[PDB]
Amino acid sequence: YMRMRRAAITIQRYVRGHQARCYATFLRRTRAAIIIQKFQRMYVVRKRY
Amino acid sequence: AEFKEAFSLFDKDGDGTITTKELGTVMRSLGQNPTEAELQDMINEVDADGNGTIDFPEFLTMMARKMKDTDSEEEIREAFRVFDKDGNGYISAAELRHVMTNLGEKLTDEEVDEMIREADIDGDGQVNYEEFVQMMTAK
Amino acid sequence: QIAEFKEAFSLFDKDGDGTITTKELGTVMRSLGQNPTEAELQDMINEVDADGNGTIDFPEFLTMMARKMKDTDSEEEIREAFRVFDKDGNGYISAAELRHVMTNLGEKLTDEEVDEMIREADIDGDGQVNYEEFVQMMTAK
Amino acid sequence: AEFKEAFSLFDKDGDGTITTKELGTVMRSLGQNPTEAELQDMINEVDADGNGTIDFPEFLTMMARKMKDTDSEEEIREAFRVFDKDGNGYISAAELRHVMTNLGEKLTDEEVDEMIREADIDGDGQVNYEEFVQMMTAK
């Protein structure tokens, strides 16, 4: 038992790493979209004026 | 970057005021690049709650209060992803449309269809996103 | 190295004050690559400097990583594991089982952590998961 | 000594139940050192006659019914014999294997061969059974 709980605890650590990295990748994908949408909207207004 | 002359091209009537909803386009006319979110936050942190229009003094005070965030939007010159991970240098037109029209401050499909006019697309269905980012900004 | 880690730090600075809350130390280590214990974080968050600190700068964190590097590196070794939840040796386990293993056993996770995790895990229409593929995905880095 | 967490380590199917034959291992994962006989008596005094699996409620009711007999199986801390009448403090490896594999709820020879790994044996062929009982429990 004290050995096999130390397969659950280790995986629980690796999942906590995995979720944080995934959350970060999603935030970088949303941030990358916002900045480019924004570059487009600044450029599109200035051209027309 | 305040410019009275730019304000006088947004004021057309000569009332001395412009609509509070033309605030994002006036900042962006000037040189700045603020998000639609940052523009709303800038309005919301003043009790311009009931204000239908803004004068040039009001707009000046907001830009001075938020100079640091607003200046940050005209630092950047390069743009990475985070879409590609393989590092192929290519992204599908499907993923490019999805990031533009589904993530963040969404573009319309008609805006995206404008930007993919004259943009090359291979037989896989992928576009060089480095050329595409350069062609949009460097114009 | 430091260039992507600095951008990861600049996404954990929210305020833009150059410093991140000391509570978000474990998540920043996890974001870079590592998989440390919340205990291991407590055993190296303590200091006389960072124990007293409310927020930590990127130089401080880089210093902490250099000091604890060996221990920190040790938490990226694992790539294999065994479970059970299958006795019959199908190679598959239900989402119900996986939640029970994670939230009732070991260092118990919350349901919200498991729900966050099943957004990057293949799950079939049946509601099962190939746990050999799932162990490869979670160690994939 | 009920523990829902321990049940959930033995419910490996999230099904809510564990096999009736894993009842003795669940008791000995909780704490409790029951005989295989006591475990069978506990099952047999419920009309779990046709039951293939047990839920945590069923297991809870059995431990509460039999709490006194089960608690007795974590009082002990010392262990005498009734081999050794000379009081030499020694027993032959032959007698020790016989009491383990022939008497009572018989261990397999392979389990006894595991327990006598590292265990010192003199030139008579005898083992200090006090050290041997301390080594097998104190660990």
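Residues numbered from 1 in each chain as written, not as in the entry; some residues may be left out. Chains lettered and ligands numbered in written order. Part of a larger assembly, values for the part shown. Heavy atoms only, no water.

Looking at the method and resolution fields of the entry, one finds electron crystallography and 24.0 Å.

### Section: the nonpolar core
Grouped together as the largest cluster of nonpolar side chains are 34 residues, with contacts concentrated most on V15 of chain A, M102 and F134 of chain C together with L23 and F59 of chain D. Every element with two or more residues in this core is listed here: α1 (5-48) of chain A, α5 (95-104), α6 (111-117) and α7 (131-139) of chain C together with α1 (4-7), α2 (23-30), α3 (36-44) and α4 (56-65) of chain D. Filtering out sequence-adjacent residues up to four positions away, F59 of chain D remains in contact with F7, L23, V26, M27, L30 and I54 of chain D. Counting residues in each nonpolar core, the second largest holds 19 residues, with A79, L103, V127 and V133 of chain B among its members. (Core = buried A, V, L, I, M, F, W, Y, C linked by side-chain atoms within 4.5 Å. Buried < 20%, exposed > 50% of the residue type's maximum accessible area, 1.4 Å probe, protein only. Helix = DSSP H or I, 4+ residues; strand = E, 2+ residues; numbered from the N terminus. Contact = heavy atoms within 4.5 Å.)

### Remarks on the layout of surface pockets
Taken as a whole, the largest pocket spans an internal volume of roughly 1,600 Å³. In terms of lining, the largest pocket is formed by 31 residues, of which the most central are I76, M100, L107, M136 and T137 of chain D. For the lining of the largest pocket, the elements supplying multiple residues, two or more each, are α6 (93-101), α7 (109-115) and α8 (129-138) of chain D. Counting residues per element, the lining of the largest pocket draws most heavily on α8 of chain D, which supplies 6 residues. Split by domain, the residues of the lining of the largest pocket number at least three in each of domain 1 (1-69) and domain 2 (70-138) of chain D. By volume, the second largest pocket amounts to about 1,300 Å³. Residue lining of the second largest pocket: 36 residues in total, with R31 and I35 of chain A, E38 and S72 of chain B together with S10 of chain C positioned closest to the centre. When residues of the lining of the second largest pocket are traced back to their parent elements, those giving at least two are α1 of chain A, α3 (36-44) and α5 (67-72) of chain B together with α1 (2-10) of chain C. (1 Å grid on protein atoms, 1.4 Å probe; cavity = no way out; pocket = protein on both sides within 12 Å on 5 of 7 lines; lining within 4 Å. Points joined across faces, edges and corners; volume = space filled by probe spheres on them. Domains from an automatic or database assignment.)

### Topic: the domain arrangement of chain B
Quoted interface sizes are often the accessible area lost when the parts come together. Residue and element names in this part refer to chain B. When the domains of chain B are assigned, the result is domain 1 (1-69) and domain 2 (70-138). Spacing between the C-alpha centres of domain 1 and domain 2 amounts to 28 Å. Opposite the 13 residues of domain 1 that make contact, domain 2 presents 6 residues. Both sides of the domain 1 and domain 2 interface together cover about 840 Å² of buried area, and 40% of this is carbon and sulfur. For the domain 1 face of the interface with domain 2, the top three residues by lost area are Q32, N33 and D69, together amounting to 48%. Between the two partners, domain 1 and domain 2, sit 0 salt bridges. At the junction of domain 1 with domain 2, the criterion picks out 10 residue pairs in polar contact. Those elements giving two or more residues to the side of domain 1 that touches domain 2 turn out to be α3 and α5. (Buried area = accessible area lost by both parts, 1.4 Å probe. Salt bridge = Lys/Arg side-chain N within 4 Å of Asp/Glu carboxyl O. Polar contact = N/O pair within 3.5 Å; in protein donor to acceptor, adjacent residues only side chain to side chain.)

### Let's talk about the interface of chain A and chain C
Contacts between chain A and chain C engage 23 residues on the former and 34 residues on the latter. Across the chain A to chain C interface the summed buried area is about 2,900 Å²; carbon plus sulfur atoms make up 58%. Taken as a group, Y14, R16 and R21 of chain A account for 24% of the area that chain A buries against chain C, more than any other trio of residues on that side. Summed over the shared surface of chain A and chain C, the number is 6 salt bridges. With a shortest N-O distance of 2.7 Å, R16 of chain A and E38 of chain C are connected by a salt bridge. Between the two partners, chain A and chain C, sit 15 residue pairs in polar contact. Here the side of chain A that touches chain C is built from residues that sort into 13 nonpolar, 5 polar and 5 charged. (Nonpolar A, V, L, I, M, F, W, Y, C, P; charged D, E, K, R; others polar.)

### Here we look at the packing of α1 of chain A against helix α6 (residues 93-101) of chain B
Between α1 of chain A and α6 of chain B, the least distance of the axes is 8 Å, while the angle of their chain directions is 80 degrees. Classified by the angle between their axes, α1 of chain A and α6 of chain B sit roughly perpendicular to one another. Packed against α1 of chain A, whose contacting residues are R29, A33, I36, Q37 and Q40 of chain A, the element α6 of chain B presents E95, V99 and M100 of chain B at the interface. The residue makeup of the contact of α1 of chain A with α6 of chain B, split by class, is 4 nonpolar, 2 polar and 2 charged. (Axes fitted to C-alpha atoms, helices over the stretch in contact; angles between N-to-C directions. Parallel < 35°, antiparallel > 145°, perpendicular 65-115°, else oblique.)

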